[PDB]
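Asker: Below: one structure in structure tokens.
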Amino acid sequence: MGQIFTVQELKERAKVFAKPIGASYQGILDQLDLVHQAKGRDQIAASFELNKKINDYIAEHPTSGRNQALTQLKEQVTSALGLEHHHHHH
């Protein structure tokens, strides 16, 4: 809340409705804490990388107002690593 979104705090808002645990999806939360490993302009510059790619979250659930927070919030730090949204044909 001070600056970078906390993983525990995200779970509260991300709780929405009781849903199955992704387990492997938790990687999205490790980015918040991991961002502490990168340093210099590369760390923050990463913030602009996933930023655009995160726009996908809105496209997936644009009807939800929560995406506005996750999109903008994650775009700050989660992107701070530029993990590049993974996708495949299916």
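For the structure tokens, the naming scheme is as follows: chains receive sequential letters (A, B, ...) according to their order of presentation, residues are indexed from 1 within each chain, and ligands are indexed from 1 in presentation order.
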Skipping near chain neighbours, those fewer than 6 positions away, what residues fall within 10 Å of residue 57 (chain A) using only C-alpha atoms, listed as an MDAnalysis selection string?
Answerer: chainID A and resid 67:68 70:71 85
Asker: Write the residues of the selection above to a file with N, CA and C atoms, as a PDB file, in the first residue's frame.
Answerer:
```
ATOM      1  N   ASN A  67     -10.810  -5.069 -12.887  1.00  0.00           N
ATOM      2  CA  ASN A  67      -9.727  -5.062 -13.864  1.00  0.00           C
ATOM      3  C   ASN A  67      -9.048  -3.696 -13.888  1.00  0.00           C
ATOM      4  N   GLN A  68      -9.829  -2.643 -13.685  1.00  0.00           N
ATOM      5  CA  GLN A  68      -9.276  -1.295 -13.686  1.00  0.00           C
ATOM      6  C   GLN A  68      -8.148  -1.178 -12.662  1.00  0.00           C
ATOM      7  N   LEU A  70      -6.489  -3.903 -11.120  1.00  0.00           N
ATOM      8  CA  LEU A  70      -5.456  -4.884 -11.454  1.00  0.00           C
ATOM      9  C   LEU A  70      -4.661  -4.431 -12.669  1.00  0.00           C
ATOM     10  N   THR A  71      -5.355  -3.940 -13.681  1.00  0.00           N
ATOM     11  CA  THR A  71      -4.674  -3.515 -14.889  1.00  0.00           C
ATOM     12  C   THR A  71      -3.693  -2.397 -14.589  1.00  0.00           C
ATOM     13  N   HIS A  85       3.240 -11.589 -21.269  1.00  0.00           N
ATOM     14  CA  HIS A  85       2.092 -12.478 -21.153  1.00  0.00           C
ATOM     15  C   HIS A  85       2.246 -13.661 -22.103  1.00  0.00           C
TER      16      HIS A  85
END
```
Asker: Write out as a list in words the residues lying within 12 Å of residue 21 (chain A), counting only C-alpha atoms and excluding same-chain residues fewer than 6 positions away.
Answerer: residues 11, 14 and 15 of chain A
Asker: Any chance you can output those residues with N, CA, C and O atoms as a PDB file, in the first residue's frame?
Answerer:
```
ATOM      1  N   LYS A  11      -4.594 -10.540  -2.740  1.00  0.00           N
ATOM      2  CA  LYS A  11      -5.476 -11.689  -2.568  1.00  0.00           C
ATOM      3  C   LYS A  11      -6.841 -11.249  -2.055  1.00  0.00           C
ATOM      4  O   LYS A  11      -7.863 -11.810  -2.442  1.00  0.00           O
ATOM      5  N   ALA A  14      -8.467  -9.567  -4.972  1.00  0.00           N
ATOM      6  CA  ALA A  14      -8.513 -10.589  -6.011  1.00  0.00           C
ATOM      7  C   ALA A  14      -9.388 -11.760  -5.579  1.00  0.00           C
ATOM      8  O   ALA A  14      -9.701 -12.642  -6.380  1.00  0.00           O
ATOM      9  N   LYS A  15      -9.782 -11.766  -4.310  1.00  0.00           N
ATOM     10  CA  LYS A  15     -10.619 -12.837  -3.790  1.00  0.00           C
ATOM     11  C   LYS A  15     -11.927 -12.921  -4.570  1.00  0.00           C
ATOM     12  O   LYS A  15     -12.360 -14.006  -4.952  1.00  0.00           O
TER      13      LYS A  15
END
```
Asker: From the list A:54, A:69, A:76, A:83, which residue is nearest residue 4 (chain A) when using only C-alpha atoms?
Answerer: A:76
Asker: Between A:7, A:16, A:81, A:28, which residue has the minimum interatomic distance to residue 44 (chain A), considering only C-alpha atoms?
Answerer: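 Checking each candidate against residue 44 (chain A), we get A:81 as the closest.
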Asker: CA of residue 22 (chain A) to CA of residue 87 (chain A): how many Å, to one decimal?
Answerer: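 Straight-line distance from CA of residue 22 (chain A) to CA of residue 87 (chain A) works out to 16.4 Å.
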Asker: Quick one: pick out all helix (DSSP H, G or I) residues within chain A from a backbone DSSP run and write them as a ChimeraX atom specification.
Answerer: /A:7-14,24-34,41-60,66-76,78-81
Asker: Between A:46, A:18, A:38, A:29, which residue has the minimum interatomic distance to residue 84 (chain A), considering only C-alpha atoms?
Answerer: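 Smallest distance to residue 84 (chain A) is found for A:46.
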Asker: Using only C-alpha atoms, can you tell me which of A:6, A:80, A:56, A:24 comes closest to residue 39 (chain A)?
Answerer: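 Residue with the minimum atom-to-atom distance to residue 39 (chain A): A:80.
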Asker: For residue 47 (chain A), list every protein, DNA or RNA residue within 10 Å, evaluated using only C-alpha atoms, and leave out those in the same chain fewer than 5 positions away; present the list as a ChimeraX atom specification.
Answerer: /A:35,41-42,52,74-83
Asker: Taking N, CA and C atoms for each residue, export the selection above as a PDB file, in the first residue's frame.
Answerer:
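result_31.pdb, written as the output of this step:
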```pdb
ATOM      1  N   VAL A  35      10.270  -8.225  -8.194  1.00  0.00           N
ATOM      2  CA  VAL A  35      10.701  -6.912  -8.675  1.00  0.00           C
ATOM      3  C   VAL A  35      11.796  -6.329  -7.783  1.00  0.00           C
ATOM      4  N   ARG A  41      17.392   1.246 -14.142  1.00  0.00           N
ATOM      5  CA  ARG A  41      16.297   1.586 -15.044  1.00  0.00           C
ATOM      6  C   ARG A  41      15.658   0.324 -15.615  1.00  0.00           C
ATOM      7  N   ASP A  42      16.417  -0.766 -15.615  1.00  0.00           N
ATOM      8  CA  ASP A  42      15.924  -2.034 -16.141  1.00  0.00           C
ATOM      9  C   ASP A  42      14.751  -2.548 -15.313  1.00  0.00           C
ATOM     10  N   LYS A  52       1.442  -2.727 -21.624  1.00  0.00           N
ATOM     11  CA  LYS A  52       0.577  -2.886 -22.786  1.00  0.00           C
ATOM     12  C   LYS A  52      -0.016  -4.292 -22.845  1.00  0.00           C
ATOM     13  N   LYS A  74      -1.096  -3.715 -11.495  1.00  0.00           N
ATOM     14  CA  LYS A  74      -0.097  -4.664 -11.963  1.00  0.00           C
ATOM     15  C   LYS A  74       0.788  -3.998 -13.000  1.00  0.00           C
ATOM     16  N   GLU A  75       0.176  -3.183 -13.842  1.00  0.00           N
ATOM     17  CA  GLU A  75       0.924  -2.497 -14.875  1.00  0.00           C
ATOM     18  C   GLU A  75       2.092  -1.755 -14.254  1.00  0.00           C
ATOM     19  N   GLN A  76       1.948  -1.367 -13.000  1.00  0.00           N
ATOM     20  CA  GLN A  76       3.021  -0.653 -12.342  1.00  0.00           C
ATOM     21  C   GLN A  76       4.178  -1.596 -12.009  1.00  0.00           C
ATOM     22  N   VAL A  77       3.944  -2.508 -11.070  1.00  0.00           N
ATOM     23  CA  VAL A  77       4.979  -3.448 -10.645  1.00  0.00           C
ATOM     24  C   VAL A  77       5.080  -4.750 -11.455  1.00  0.00           C
ATOM     25  N   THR A  78       3.992  -5.483 -11.572  1.00  0.00           N
ATOM     26  CA  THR A  78       4.035  -6.767 -12.264  1.00  0.00           C
ATOM     27  C   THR A  78       4.783  -6.592 -13.560  1.00  0.00           C
ATOM     28  N   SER A  79       4.506  -5.501 -14.214  1.00  0.00           N
ATOM     29  CA  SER A  79       5.201  -5.193 -15.419  1.00  0.00           C
ATOM     30  C   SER A  79       6.645  -4.858 -15.086  1.00  0.00           C
ATOM     31  N   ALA A  80       6.872  -4.280 -13.895  1.00  0.00           N
ATOM     32  CA  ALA A  80       8.221  -3.898 -13.481  1.00  0.00           C
ATOM     33  C   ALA A  80       9.215  -5.010 -13.742  1.00  0.00           C
ATOM     34  N   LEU A  81       8.726  -6.184 -14.180  1.00  0.00           N
ATOM     35  CA  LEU A  81       9.611  -7.293 -14.559  1.00  0.00           C
ATOM     36  C   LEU A  81       9.473  -7.676 -16.042  1.00  0.00           C
ATOM     37  N   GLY A  82       8.387  -7.247 -16.687  1.00  0.00           N
ATOM     38  CA  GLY A  82       8.197  -7.552 -18.103  1.00  0.00           C
ATOM     39  C   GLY A  82       8.251  -9.056 -18.346  1.00  0.00           C
ATOM     40  N   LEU A  83       7.381  -9.796 -17.665  1.00  0.00           N
ATOM     41  CA  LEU A  83       7.364 -11.247 -17.811  1.00  0.00           C
ATOM     42  C   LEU A  83       6.738 -11.659 -19.139  1.00  0.00           C
TER      43      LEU A  83
END
```
Asker: Using Å and a single decimal, report how far CA of residue 31 (chain A) sits from CA of residue 5 (chain A).
Answerer: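 Atom-to-atom, CA of residue 5 (chain A) to CA of residue 31 (chain A), that is 10.3 Å.
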Asker: Rounded to one decimal in Å, what is the spacing between CA of residue 90 (chain A) and CA of residue 62 (chain A)?
Answerer: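 Spanning CA of residue 90 (chain A) to CA of residue 62 (chain A) is a straight-line distance of 21.4 Å.
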Asker: I want to know what sits within 12 Å of residue 1 (chain A), based on only C-alpha atoms, with residues of the same chain fewer than 6 positions away left out; could you give that as a PyMOL selection string?
Answerer: chain A and resi 7-10+73
Asker: Any chance you could export the current selection's C-alpha atoms as an mmCIF file, in the first residue's frame?
Answerer:
```cif
data_model
loop_
_atom_site.group_PDB
_atom_site.id
_atom_site.type_symbol
_atom_site.label_atom_id
_atom_site.label_comp_id
_atom_site.auth_asym_id
_atom_site.auth_seq_id
_atom_site.Cartn_x
_atom_site.Cartn_y
_atom_site.Cartn_z
ATOM 1 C CA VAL A 7 0.734 -10.072 -2.416
ATOM 2 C CA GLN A 8 -1.462 -10.635 0.638
ATOM 3 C CA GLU A 9 -3.353 -7.401 -0.021
ATOM 4 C CA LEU A 10 -3.919 -8.393 -3.649
ATOM 5 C CA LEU A 73 -1.871 -1.683 -10.431
#
```
